[PDB]
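Structure first, commentary second.
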Protein chains: 2
Amino acid sequence: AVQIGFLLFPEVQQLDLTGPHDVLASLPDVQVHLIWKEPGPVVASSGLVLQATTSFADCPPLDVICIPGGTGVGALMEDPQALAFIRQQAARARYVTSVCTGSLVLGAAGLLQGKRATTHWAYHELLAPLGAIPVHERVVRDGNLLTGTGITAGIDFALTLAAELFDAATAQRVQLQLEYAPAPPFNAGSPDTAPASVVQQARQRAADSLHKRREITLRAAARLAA
Amino acid sequence: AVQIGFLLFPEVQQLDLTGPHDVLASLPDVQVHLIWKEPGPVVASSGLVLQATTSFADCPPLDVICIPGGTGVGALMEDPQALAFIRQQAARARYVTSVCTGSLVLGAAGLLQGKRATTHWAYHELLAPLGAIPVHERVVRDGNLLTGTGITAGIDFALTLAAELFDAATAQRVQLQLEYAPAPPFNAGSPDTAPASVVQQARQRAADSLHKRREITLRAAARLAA
């Protein structure tokens with residue numbers, strides 16, 4: 001069975017995780033793990049309570065690891081236990097993936113050094129200090145690394161993974177079974193397409209978080225420099 | 001605060017729920033409830049464990065009710081407690097919504113009689129016996145009823161609801177904050193666009209479930225006829 005693991009941490013953006021989880025869990029001969037320091041409840045940033053299924057110590061070697069984003073990313077960027085786990089799994093995984101600000105965690109772990117990557121538009125400036133080559137595209141692949149943007153990036157890239165792990169027909173069948181054919185009623189999902197006034201409001205609301213994450217990023221970069 | 005409730009039941013398709021939940025929970029002055037017969041763990045069809053936050057008896061009057069789909073829909077279609085709750089909330093809700101096979105539950109509750117509605121493509125034949133006017137469109141509105149197809153229908157219609165409950169700028173801001181701009185790597189999300197061989201495989205895999213749901217639907221329709 002293909003072993004797929006998601007890191008589940010306090011203050012995760014749950015949809016970053018729950019989207020690809022439901023897609024990948026639809027495939028034959030896959031086992032999906034929700035990983036944290038111990039099994040038990042973990043609260044997402046919305047207050048939704050999820051349940052981790054395995055600890056770092058008990059997790060099997062993964063074929064796919066996926067790091068979601070969320071408010072809670074700041075803490076993870078300085079969690080040496082979590083970073084060590086990610087590095088250990090990444091060494092042998094067939095695919096190392098992230099959604100949204102999850103790529104900042106990969107960055108803190110040292111896994112973006114010299115790699116093309118993306119992250120959430122409001123935090124994109126934080127990639128370069130972590131050694132990445134920043135790319136403004138929705139899905140960026142570099143070898144076995146796949147970083148994506150958007151709360152539902154993992155749904156889209158899960159279909160890519162399905163096609164490569166199995167075959168295109170299998171990916172198409174899952175898409176059809178899920179009747180997955182999005183059609184957003186607005187076109188404001190990028191700072192390049194949203195109205196300027198909306199971009200300003202979003203930027204202002206992110207400013208405190210960005211400031212705090214600048215500080216964290218610099219400490220994380222210092223650790224990589226050592 | 002706008003009160004939004006999701007029915008959370010065993011064997012739910014969790015993404016049907018978790019998608020709109022994360023979008024709507026991003027809005028100011030909203031409270032989101034996960035409703036079942038009592039608070040506590042509820043297991044989704046993938047094995048993901050979620051937590052209901054309130055009981056039927058304690059739930060406040062809702063402004064929006066949303067019924068997700070999933071394997072577990074068959075049981076709900078004959079759960080008199082659940083159906084009575086849905087009817088009670090629907091009487092005063094500003095919006096009555098469903099995702100995927102959740103519309104079959106609205107049908108069993110009597111809420112589709114004479115109404116235009118959709119459901120999952122493989123189960124679409126079950127709408128007419130429940131009194132609906134079947135429509136092959138991704139989102140169907142009829143008065144305050146909104147039924148959608150696709151595992152992520154609720155993400156898209158949550159943006160519509162945001163715009164009507166608040167304003168378009170607010171919906172656009174949430175879309176931008178979430179960087180929501182899907183781009184599926186395949187085009188097989190409808191039986192009209194998928195390859196015929198894929199449609200056949202999907203139909204065959206749904207056949208047992210459809211057969212069982214035909215039986216349930218006829219019993220549910222008999223109750224409506226009384």
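Just so we're on the same page: first chain in the structure tokens is A, next is B, and so on; residues restart at 1 for each chain, and ligands are numbered from 1 in the order they show up.
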
**Request:** Please identify which residues in chain B DSSP calls strand (DSSP E) from the backbone, and express them as an MDAnalysis selection string.
**Result:** chainID B and resid 2:7 30:35 40:43 49:52 64:67 95:99 116:117 133:134 139:142 145:148

Could you list, as a PDB file with C-alpha atoms, in the first residue's frame, the residues of chain B having an atom within 8 Å of chain A when counting only C-alpha atoms?
```pdb
ATOM      1  CA  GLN B  13     -18.186  12.681   2.472  1.00  0.00           C
ATOM      2  CA  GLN B  14     -16.182  15.052   4.617  1.00  0.00           C
ATOM      3  CA  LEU B  15     -14.957  17.413   1.900  1.00  0.00           C
ATOM      4  CA  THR B  18     -15.111  20.892   5.291  1.00  0.00           C
ATOM      5  CA  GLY B  19     -14.807  23.012   2.153  1.00  0.00           C
ATOM      6  CA  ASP B  22     -13.485  26.805   6.114  1.00  0.00           C
ATOM      7  CA  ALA B  25     -15.763  30.396   9.041  1.00  0.00           C
ATOM      8  CA  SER B  26     -13.486  33.066   7.487  1.00  0.00           C
ATOM      9  CA  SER B  46     -12.721   7.964   4.638  1.00  0.00           C
ATOM     10  CA  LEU B  48     -11.438  10.903   9.157  1.00  0.00           C
ATOM     11  CA  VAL B  49     -12.861  11.632  12.601  1.00  0.00           C
ATOM     12  CA  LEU B  50     -14.769  14.883  13.042  1.00  0.00           C
ATOM     13  CA  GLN B  51     -16.525  16.301  16.104  1.00  0.00           C
ATOM     14  CA  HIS B 120     -24.653  13.675  -8.089  1.00  0.00           C
ATOM     15  CA  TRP B 121     -24.722  12.517 -11.690  1.00  0.00           C
ATOM     16  CA  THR B 149     -22.897  19.109  -7.511  1.00  0.00           C
ATOM     17  CA  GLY B 150     -19.310  18.266  -7.034  1.00  0.00           C
ATOM     18  CA  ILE B 151     -17.404  17.542  -3.925  1.00  0.00           C
ATOM     19  CA  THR B 152     -16.394  21.243  -3.820  1.00  0.00           C
ATOM     20  CA  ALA B 153     -19.781  22.799  -4.779  1.00  0.00           C
ATOM     21  CA  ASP B 156     -18.225  27.959  -4.795  1.00  0.00           C
ATOM     22  CA  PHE B 157     -21.692  28.549  -3.390  1.00  0.00           C
ATOM     23  CA  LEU B 159     -18.764  32.656  -1.996  1.00  0.00           C
ATOM     24  CA  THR B 160     -22.219  33.394  -3.429  1.00  0.00           C
ATOM     25  CA  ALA B 169     -16.255  43.010  -1.890  1.00  0.00           C
ATOM     26  CA  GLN B 172     -13.843  38.785  -3.178  1.00  0.00           C
ATOM     27  CA  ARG B 173     -11.625  39.487  -0.172  1.00  0.00           C
ATOM     28  CA  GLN B 175     -11.443  34.465  -2.197  1.00  0.00           C
ATOM     29  CA  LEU B 176      -8.193  36.420  -2.372  1.00  0.00           C
ATOM     30  CA  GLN B 177      -7.181  35.624   1.206  1.00  0.00           C
ATOM     31  CA  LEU B 178      -7.623  31.931   0.412  1.00  0.00           C
ATOM     32  CA  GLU B 179      -5.923  32.364  -3.020  1.00  0.00           C
ATOM     33  CA  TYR B 180      -8.777  30.284  -4.425  1.00  0.00           C
ATOM     34  CA  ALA B 181      -8.333  29.785  -8.172  1.00  0.00           C
ATOM     35  CA  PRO B 182      -8.746  26.102  -9.078  1.00  0.00           C
ATOM     36  CA  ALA B 183      -7.178  24.568 -12.173  1.00  0.00           C
ATOM     37  CA  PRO B 184      -7.824  20.848 -12.400  1.00  0.00           C
ATOM     38  CA  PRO B 185      -5.218  18.894 -14.385  1.00  0.00           C
ATOM     39  CA  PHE B 186      -7.896  16.743 -16.061  1.00  0.00           C
ATOM     40  CA  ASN B 187     -11.295  17.506 -17.545  1.00  0.00           C
ATOM     41  CA  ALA B 188     -13.186  14.390 -16.430  1.00  0.00           C
ATOM     42  CA  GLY B 189     -15.469  15.945 -13.806  1.00  0.00           C
ATOM     43  CA  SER B 190     -18.688  15.384 -15.716  1.00  0.00           C
ATOM     44  CA  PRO B 191     -20.042  12.379 -17.590  1.00  0.00           C
ATOM     45  CA  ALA B 194     -14.961  12.285 -19.319  1.00  0.00           C
ATOM     46  CA  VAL B 198     -14.068   6.129 -17.574  1.00  0.00           C
ATOM     47  CA  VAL B 199     -17.801   6.795 -17.378  1.00  0.00           C
ATOM     48  CA  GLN B 201     -16.016   2.221 -14.861  1.00  0.00           C
ATOM     49  CA  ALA B 202     -17.556   4.847 -12.618  1.00  0.00           C
TER      50      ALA B 202
END
```

**Item:** Contacts of residue A:65 at 9 Å (only C-alpha atoms; same-chain gap of 3+ positions) as a VMD selection string
**Value:** chain A and resid 3 to 7 62 86 89 to 90 93 to 98

**Message:** as number ranges by chain, please: the residues near residue A:79 (cut-off 12 Å, only C-alpha atoms, same-chain neighbours under 5 positions excluded).
**Reply:** A: 9, 36-37, 72-74, 84-86, 105, 108-109, 216, 219-220, 223

**Message:** Given only C-alpha atoms as the basis, pick out the residue of B:91, B:134, B:142, B:210 nearest to residue B:63.
**Reply:** B:91

**Every residue of stretch 32-222 of chain A that DSSP places in helix (DSSP H, G or I), as a PyMOL selection string** = chain A and resi 73-76+80-90+102-108+121-126+128-130+153-165+168-177+196-222

How would the residues just picked look written out with C-alpha atoms as a JSON list (two decimals), in the first residue's frame?
```json
[["chain", "number", "residue", "atom", "x", "y", "z"],
["A", 73, "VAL", "CA", 2.97, 27.56, 10.45],
["A", 74, "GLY", "CA", 4.89, 30.15, 12.48],
["A", 75, "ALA", "CA", 5.29, 27.83, 15.45],
["A", 76, "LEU", "CA", 6.27, 24.88, 13.25],
["A", 80, "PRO", "CA", 12.95, 21.21, 15.98],
["A", 81, "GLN", "CA", 11.10, 17.91, 16.45],
["A", 82, "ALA", "CA", 8.72, 18.59, 13.59],
["A", 83, "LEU", "CA", 11.50, 19.87, 11.28],
["A", 84, "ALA", "CA", 13.65, 16.79, 11.98],
["A", 85, "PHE", "CA", 10.71, 14.49, 11.19],
["A", 86, "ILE", "CA", 10.05, 16.27, 7.90],
["A", 87, "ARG", "CA", 13.71, 16.02, 6.90],
["A", 88, "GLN", "CA", 13.80, 12.29, 7.74],
["A", 89, "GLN", "CA", 10.70, 11.51, 5.69],
["A", 90, "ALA", "CA", 11.69, 13.73, 2.81],
["A", 102, "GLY", "CA", 3.21, 24.92, 4.21],
["A", 103, "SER", "CA", 6.13, 25.63, 1.90],
["A", 104, "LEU", "CA", 7.54, 27.97, 4.58],
["A", 105, "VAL", "CA", 7.84, 24.91, 6.82],
["A", 106, "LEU", "CA", 9.71, 23.04, 4.09],
["A", 107, "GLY", "CA", 11.89, 26.15, 3.85],
["A", 108, "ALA", "CA", 12.63, 26.17, 7.58],
["A", 121, "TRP", "CA", 0.92, 35.49, -2.30],
["A", 122, "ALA", "CA", 1.04, 37.60, 0.86],
["A", 123, "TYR", "CA", 4.10, 35.74, 2.20],
["A", 124, "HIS", "CA", 5.98, 35.16, -1.05],
["A", 125, "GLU", "CA", 8.87, 37.47, -0.02],
["A", 126, "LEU", "CA", 9.83, 34.96, 2.69],
["A", 128, "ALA", "CA", 14.28, 33.87, -0.83],
["A", 129, "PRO", "CA", 15.74, 34.11, 2.71],
["A", 130, "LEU", "CA", 15.07, 30.36, 3.07],
["A", 153, "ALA", "CA", -4.07, 23.30, -4.42],
["A", 154, "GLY", "CA", -3.88, 19.88, -2.89],
["A", 155, "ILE", "CA", -7.06, 18.71, -4.58],
["A", 156, "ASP", "CA", -5.59, 19.57, -8.00],
["A", 157, "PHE", "CA", -2.14, 18.16, -7.33],
["A", 158, "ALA", "CA", -3.65, 15.05, -5.74],
["A", 159, "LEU", "CA", -5.07, 14.23, -9.18],
["A", 160, "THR", "CA", -1.58, 14.66, -10.67],
["A", 161, "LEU", "CA", -0.17, 12.33, -8.02],
["A", 162, "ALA", "CA", -2.90, 9.80, -8.70],
["A", 163, "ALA", "CA", -2.00, 9.77, -12.37],
["A", 164, "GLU", "CA", 1.72, 9.25, -11.69],
["A", 165, "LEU", "CA", 1.31, 6.69, -8.87],
["A", 168, "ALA", "CA", -4.34, 8.74, -16.00],
["A", 169, "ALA", "CA", -7.51, 6.65, -16.26],
["A", 170, "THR", "CA", -7.50, 6.16, -12.49],
["A", 171, "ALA", "CA", -7.11, 9.91, -11.87],
["A", 172, "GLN", "CA", -9.92, 10.62, -14.33],
["A", 173, "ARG", "CA", -12.19, 8.06, -12.67],
["A", 174, "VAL", "CA", -11.66, 9.67, -9.25],
["A", 175, "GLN", "CA", -12.37, 13.11, -10.70],
["A", 176, "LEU", "CA", -15.60, 11.83, -12.22],
["A", 177, "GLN", "CA", -16.68, 9.96, -9.09],
["A", 196, "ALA", "CA", -7.03, 46.90, -6.25],
["A", 197, "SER", "CA", -9.25, 47.91, -3.35],
["A", 198, "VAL", "CA", -9.67, 44.25, -2.38],
["A", 199, "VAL", "CA", -5.94, 43.60, -2.63],
["A", 200, "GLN", "CA", -5.31, 46.53, -0.28],
["A", 201, "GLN", "CA", -7.80, 45.21, 2.31],
["A", 202, "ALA", "CA", -6.28, 41.75, 2.17],
["A", 203, "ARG", "CA", -2.73, 43.09, 2.47],
["A", 204, "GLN", "CA", -3.62, 45.26, 5.45],
["A", 205, "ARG", "CA", -5.26, 42.32, 7.22],
["A", 206, "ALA", "CA", -2.14, 40.17, 6.67],
["A", 207, "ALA", "CA", 0.35, 42.83, 7.77],
["A", 208, "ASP", "CA", 0.73, 41.84, 11.44],
["A", 209, "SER", "CA", 1.14, 38.21, 10.53],
["A", 210, "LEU", "CA", 3.71, 39.02, 7.86],
["A", 211, "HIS", "CA", 5.69, 41.12, 10.32],
["A", 212, "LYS", "CA", 5.82, 38.28, 12.82],
["A", 213, "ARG", "CA", 6.73, 35.80, 10.13],
["A", 214, "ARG", "CA", 9.58, 38.02, 8.90],
["A", 215, "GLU", "CA", 11.11, 37.69, 12.38],
["A", 216, "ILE", "CA", 10.61, 33.92, 12.50],
["A", 217, "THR", "CA", 11.98, 33.47, 9.01],
["A", 218, "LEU", "CA", 15.20, 35.29, 9.86],
["A", 219, "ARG", "CA", 15.75, 33.05, 12.89],
["A", 220, "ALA", "CA", 15.03, 29.98, 10.77],
["A", 221, "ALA", "CA", 17.47, 31.19, 8.12],
["A", 222, "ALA", "CA", 20.16, 31.69, 10.80]]
```

**Asked** Which distance in Å separates atom CA of residue A:56 and atom CA of residue A:225, to one decimal?
**Response**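 Atom-to-atom, atom CA of residue A:56 to atom CA of residue A:225, that is 25.9 Å.
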
**Request:** For atom CA of residue B:131 and atom CA of residue B:192, quote the distance in Å rounded to one decimal.
**Result:** 25.3 Å
